[PDB]
6 protein chains.
Amino acid sequence: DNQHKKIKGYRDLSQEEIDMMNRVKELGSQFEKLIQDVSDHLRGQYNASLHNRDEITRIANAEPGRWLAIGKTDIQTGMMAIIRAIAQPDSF
Amino acid sequence: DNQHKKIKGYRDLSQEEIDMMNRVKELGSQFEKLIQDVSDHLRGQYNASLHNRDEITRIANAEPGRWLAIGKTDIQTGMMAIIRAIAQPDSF
Amino acid sequence: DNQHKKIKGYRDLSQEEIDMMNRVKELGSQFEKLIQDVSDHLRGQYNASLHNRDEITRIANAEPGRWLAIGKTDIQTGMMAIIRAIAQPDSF
Amino acid sequence: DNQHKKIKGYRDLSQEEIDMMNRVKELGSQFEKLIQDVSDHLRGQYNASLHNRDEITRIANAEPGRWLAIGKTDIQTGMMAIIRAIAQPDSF
Amino acid sequence: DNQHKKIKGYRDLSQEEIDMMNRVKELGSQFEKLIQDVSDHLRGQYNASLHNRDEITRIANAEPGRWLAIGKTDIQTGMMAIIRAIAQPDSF
Amino acid sequence: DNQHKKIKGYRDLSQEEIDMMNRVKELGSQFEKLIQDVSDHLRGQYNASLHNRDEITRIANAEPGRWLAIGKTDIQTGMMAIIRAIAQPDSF
Ligand SMILES: Nc1nc2c(ncn2[C@@H]2O[C@@H]3COP(=O)(O)O[C@@H]4[C@H](O)[C@@H](COP(=O)(O)O[C@H]3[C@H]2O)O[C@H]4n2cnc3c(N)ncnc32)c(=O)[nH]1
Ligand SMILES: Nc1nc2c(ncn2[C@@H]2O[C@@H]3COP(=O)(O)O[C@@H]4[C@H](O)[C@@H](COP(=O)(O)O[C@H]3[C@H]2O)O[C@H]4n2cnc3c(N)ncnc32)c(=O)[nH]1
Ligand SMILES: Nc1nc2c(ncn2[C@@H]2O[C@@H]3COP(=O)(O)O[C@@H]4[C@H](O)[C@@H](COP(=O)(O)O[C@H]3[C@H]2O)O[C@H]4n2cnc3c(N)ncnc32)c(=O)[nH]1
């Protein structure tokens, strides 16, 4: 019960602060959908290119799944940083 | 005219690819608004706390404007990485 | 009351999980002290070098306060990522 | 012999500077232990959850091993940046 | 035709701006070669160390392929950021 | 004398390893020059735009000096990571 009071640095949050935090998480949900849509686009692009050696090589050289994972990590850690600016923990 | 053909690594893009790139940029616009709203919340929070030394010190120790700038940078570079997974340049 | 239940994705945490999260925050406190000690070392190094144009230029070219801020940000976001691996939110 | 004199930008370091660098590396060792402890906690949590499809899915959706690797990388590169602020190389 | 005019935020670029962007991409090509050379050095180092358990363990503990991938990602995203400072998109 | 032997995790380096490390630092020097050239381009672009309110606003909204600093940091930390893959310290 009231587990945030047991975690160091965590302060009591107003409803306004919880509302802004939830708004960030929700916009992130739409990014999750977009990233899923991009990942589906990549699978189909790779699928359509089977036995086109030159296009398979181009895709593999561009490394789009790796760049999609990089972008996902940046979106999530950016979310975390925005939520930190709102929630403002009392610890390093 | 057709400046993308003069830039190394840039390939011709389909309308589908341009549409997905534009979708990322649009979701980013909503993040820009959210970040602006958070920045306004911080100014008012700081303003309401003037001449409350303890609360001003708490805010300054939490560094929320710095965390908001960190989150903004991560959101923008994540966008850039997602768009790269879609546009797939032909260069390192 | 019980504000974590109002935030999206947050799940109930066991005492074991809260204990590990607190351990990360505590090791971070020691890093905060170390960073403070480094920052003090830099002020004194700069102070001792006043009116040694060549050494002031060397320090300014090395940009150590900027590198100290970079390292601090990486330590804090690494902490955040470790705590996320423990707390495991249910959201993107 | 004296290999640091063959590497560009490296300057001679005082014992005080070597001591501060070693202090960062030591605090990192404690983080390494903590990360190992978290990784063990994750293996056991996954192990205890075998044949609980819903809990296995929750863990896989939270991606905690990926977040633990992200946090480890941030801790190590933060260490590198702090040590750079101390050692102050003479190169870009 | 003229696909940059269909992408949000993209502005018309001068030849001077395209020239600077291409210069960044070219210096990146040399980094790509260097990274390839390092990767070859690692394969040979690992190869020469087969059935030297202690040296194989040392290499695996140092994780150099992981650090090489980290450095590659930083070089590429740094390139992207420099090119953004030149091309200056009109979007978040 | 032989200060690398006093720093934890540092191992003796072959001449081949020092040569590869120096090659990274040298390619970084060329990036430093490029970044300086970009920074000069930005000053002149801003200078030429004085008392063109709309173009000054466009430049300020694009934040190119901030993006140039982001790219510089990524180039330097990427260099650090590549050099780590070569030098392979024996510490976390
Ligand atoms: N005004 C203006 N700005 C432009 C134009 N083209 C690019 N920019 C800007 O430069 C940034 C970096 O470009 P890049 O060389 O890294 O290539 C990009 C990048 O890898 C990835 C994400 O792009 P974005 O997040 O929009 O960042 C771009 C922008 O800020 O997609 C790559 N990419 C971009 N365009 C293409 C393309 N036509 N084909 C393949 N890959 C592409 C410009 O015209 N105007
Ligand atoms: N004062 C105060 N601050 C709070 C409270 N709850 C969170 N914060 C702050 O927001 C940061 C980001 O939160 P998040 O939505 O990203 O969720 C976190 C994060 O993914 C990961 C690491 O947390 P931390 O490094 O402490 O950063 C947190 C903090 O600065 O753990 C996630 N997480 C946090 N709490 C929970 C939970 N109860 N269940 C699951 N995951 C959690 C707060 O109450 N007060
Ligand atoms: N003036 C001066 N500066 C020095 C000296 N030694 C190191 N520095 C500076 O500290 C930074 C961080 O060092 P590190 O403890 O993280 O170890 C480095 C790092 O992991 C990786 C990349 O190094 P670099 O990008 O040059 O950053 C180094 C530099 O700015 O290589 C590791 N590494 C460095 N030297 C060795 C070694 N001899 N053996 C094994 N690994 C090494 C110094 O003497 N003078």
Side-chain angles (χ1 to χ4, degrees), chain A residues 1-32 75-92, chain B residues 27-75 78, chain C residues 1-13 17-18 21-22 24-25 28 32 73 76-77 79-84 86-92, chain D residues 62 67, chain E residues 92:
Chain A
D1 210 68
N2 279 271
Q3 51 184 222
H4 65 292
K5 262 133 168 36
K6 280 141 181 183
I7 308 160
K8 187 194 187 168
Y10 279 13
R11 42 161 212 131
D12 299 330
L13 298 162
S14 69
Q15 182 69 45
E16 187 189 358
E17 287 162 325
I18 288 157
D19 284 346
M20 301 204 253
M21 283 154 86
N22 284 335
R23 187 183 155 190
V24 189
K25 296 166 169 305
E26 198 173 344
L27 243 185
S29 186
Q30 310 172 221
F31 255 109
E32 183 190 36
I75 297 302
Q76 295 179 297
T77 66
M79 278 166 76
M80 292 168 72
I82 296 159
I83 288 156
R84 178 156 186 174
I86 303 163
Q88 295 175 20
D90 223 306
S91 300
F92 178 73
Chain B
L27 243 185
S29 186
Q30 310 172 221
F31 255 109
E32 183 190 36
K33 179 61 183 168
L34 176 59
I35 287 154
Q36 219 181 273
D37 291 354
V38 175
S39 173
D40 297 340
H41 160 83
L42 298 176
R43 298 194 182 187
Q45 164 185 82
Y46 187 97
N47 213 78
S49 296
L50 286 164
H51 331 299
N52 182 349
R53 176 146 152 114
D54 277 355
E55 169 79 355
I56 291 304
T57 297
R58 180 198 69 76
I59 285 156
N61 282 327
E63 286 167 308
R66 143 174 195 267
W67 282 103
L68 188 63
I70 292 164
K72 174 174 160 190
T73 300
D74 285 355
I75 297 302
Chain C
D1 210 68
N2 279 271
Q3 51 184 222
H4 65 292
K5 262 133 168 36
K6 280 141 181 183
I7 308 160
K8 187 194 187 168
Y10 279 13
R11 42 161 212 131
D12 299 330
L13 298 162
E17 287 162 325
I18 288 157
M21 283 154 86
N22 284 335
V24 189
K25 296 166 169 305
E32 183 190 36
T73 300
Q76 295 179 297
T77 66
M79 278 166 76
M80 292 168 72
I82 296 159
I83 288 156
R84 178 156 186 174
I86 303 163
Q88 295 175 20
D90 223 306
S91 300
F92 178 73
Chain D
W67 282 103
Chain E
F92 178 73

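Chain letters run A, B, ... following the sequence lines, proteins first and then strands; every chain starts at 1. No hydrogens, no waters, no symmetry mates; every other heavy atom, side chains included, goes into these values.
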Side chains of A:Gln30 and C:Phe92 in contact at under 4.5 Å (non-hydrogen atoms)
no
What distance separates A:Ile83 CD1 from C:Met80 CE, expressed to the nearest 0.5 Å?
8.5 Å
So NE2 of C:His4 and CD1 of A:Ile7: to nearest 0.5 Å the spacing works out to 8.5 Å
Less than 3.5 Å apart, any donor N or O on the side chain of B:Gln36 or B:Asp40 sitting next to an acceptor on the other?
no
I'd like to know if A:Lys5 pairs up with A:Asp12 as an ion pair, taking the criterion as any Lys NZ or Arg NE/NH1/NH2 lying under 4.0 Å from an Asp or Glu carboxylate oxygen.
yes
Looking at every heavy atom in both A:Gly9 and A:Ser91, which two are closest together, and how far apart are they?
CA-OG, 3.2 Å
Using modelled atom types and a 3.5 Å cut-off, is there a donor and acceptor pairing between side-chain atoms of C:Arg11 and backbone atoms of C:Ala87?
yes
One should read off an interatomic distance between B:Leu42 CG and B:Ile35 CD1, to the nearest 0.5 angstrom, of 11.5 Å
Side chains of A:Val24 and A:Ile86, heavy atoms from C-beta outward: is any pair under 4.5 Å?
yes
Does some side-chain heavy atom of A:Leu27 sit less than 4.5 Å from a side-chain heavy atom of B:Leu27?
yes
CD1 on B:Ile75 to CD1 on A:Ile75, rounded to 0.5 Å:
4.0 Å
Assess whether a salt bridge exists between A:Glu26 and A:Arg23, defined as any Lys/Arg side-chain N lying under 4.0 Å from an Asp/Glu carboxylate O.
no
B:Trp67 vs C:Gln76, side-chain contact (heavy atoms from CB on, under 4.5 Å): CA-CA, chis, key distance, verdict:
CA-CA 11 Å; B:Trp67 282 103; C:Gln76 295 179 297; 3.5 Å; yes
Between atom NZ of B:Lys72 and atom CD of B:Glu32, what is the distance when rounded to the nearest 0.5 Å?
7.5 Å
State which residues pass salt bridge (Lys or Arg N to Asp or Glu O under 4.0 Å) with A:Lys6; sequence neighbours excluded, sorted by chain then number.
none
Are the side chains of A:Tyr10 and C:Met21 in touch, meaning some heavy atoms are under 4.5 Å apart?
yes
Within the 4.5 Å heavy-atom criterion, are A:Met20 and B:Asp37 side-chain neighbours or not?
no
Please confirm whether the backbone N or O of B:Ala69 pairs with a side-chain atom of B:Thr73, one donor and one acceptor, at under 3.5 Å?
yes
Taking atom CD of A:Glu17 and atom CG of A:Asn22, what is their separation to the nearest 0.5 Å?
12.5 Å
For the backbone of A:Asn2 and the side chain of C:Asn2, can you confirm whether one donor and one acceptor N or O come within less than 3.5 Å of each other?
yes
If you take all heavy atoms of B:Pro64 and A:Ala85, which pair is closest and at what distance?
O-CB, 3.2 Å
Give every residue pair that meets the side chain to side chain donor-acceptor pair (under 3.5 Å) criterion with at least one member in residues 42-54 of chain B, sequence neighbours excluded.
A:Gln88-B:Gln45
So which atom in A:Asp1 and which in C:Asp1 form the shortest heavy-atom distance, rounded to 0.1 Å?
OD2-OD2, 4.4 Å
Do B:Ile59 and B:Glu55 have side chains that get closer than 4.5 Å, going by heavy atoms?
yes
